[PDB]
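Shown next as C-alpha cells: one chain only, the form deposited without its partner chain.
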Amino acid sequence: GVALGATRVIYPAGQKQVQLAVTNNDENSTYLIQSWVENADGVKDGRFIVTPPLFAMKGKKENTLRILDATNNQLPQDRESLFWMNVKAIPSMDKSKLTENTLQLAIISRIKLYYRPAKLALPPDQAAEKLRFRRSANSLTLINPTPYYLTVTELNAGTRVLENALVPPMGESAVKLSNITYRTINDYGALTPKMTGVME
C-alpha cells in the first residue's frame, strides 16, 4: 500500500516546515493522499497543516509531505505538546464494480507528532533515565519530570509484563501492578537500552 518513512515526527519550534516521506508500493494502484494533524484530544485543530493537502500517487512513487507550523507561537514553550498526524490513502473509484457489492478499505497511518520548543535545557537523550516510579499495591505510577513525552514500553516488574505507556512532560501515568525494568522508543523509532526502574 502506501507507507510513511517514519513512525513519528519531531517538529522543532521555529522551523517553518518539517518533511515527511510517503511511498506507494502498489505498481498498479492510484491513491489520493489526504493528510491532517489532530491535537492530543482527537480534535482536528488547525495547529498544524500538511503540505500538498491532496495529491495522487500513481504506481510505485515517492512523495514529500510538508507539515507547516500554523500555531501562532501559542503553544507551551517549556515542554512538548502531543499531536497526531494522519495520512490517508483514498483508493480510486473502480468503475468495473459499480454493479456489484463491494467493500473499499481506505488505509491510514497515524503517528505521533511532538511540537518541541527550541530551548529545552535537558536534551532528548538525557530524558529516558530521568524517569522515576512510585508504587502502590494496586498500581505502578510513572513520574516523568522531563519536558519530553516518554514512550515507555517493555515495562517489567520482576516477572510481570505491564501496560506499555505514554507519560507526558512533567506529569505522570499509572499502570496496574519487585525490580522494575523499562525501555523507551526514541525520536528515531528505536528502542532505548533496557533501563533500571529507579524509585522516587
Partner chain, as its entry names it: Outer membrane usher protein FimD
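Residue numbers count along the first chain shown, from 1.
Separately, the form deposited with its partner chain bound exists; it is not shown, and the next lines address it.
Undergrad: Given that its partner chain is not shown alongside this chain, does residue 17 nevertheless sit within 4.5 Å of it in the deposited bound form, heavy atom to heavy atom?
TA: Contact with its partner chain, yes.
Undergrad: Using a 4.5 Å heavy atom cut-off, state whether residue 53 contacts its partner chain in the deposited bound form.
TA: Residue-level check for residue 53: yes, a contact with its partner chain.
Undergrad: Can any non-hydrogen atom of residue 134 be found within 4.5 angstroms of its partner chain in the deposited bound form?
TA: The answer is no: residue 134 has no heavy atom within 4.5 Å of its partner chain.
Undergrad: Hey, in the deposited bound form, does residue 157 get a heavy atom within 4.5 angstroms of its partner chain?
TA: Judged by the heavy-atom cut-off of 4.5 Å, residue 157 is well away from its partner chain in the deposited bound form.
Undergrad: Would you give me the residues of 182-200 that have any heavy atom within 4.5 Å of its partner chain in the deposited bound form, in order from first to last?
TA: Contacts from 182-200: none.
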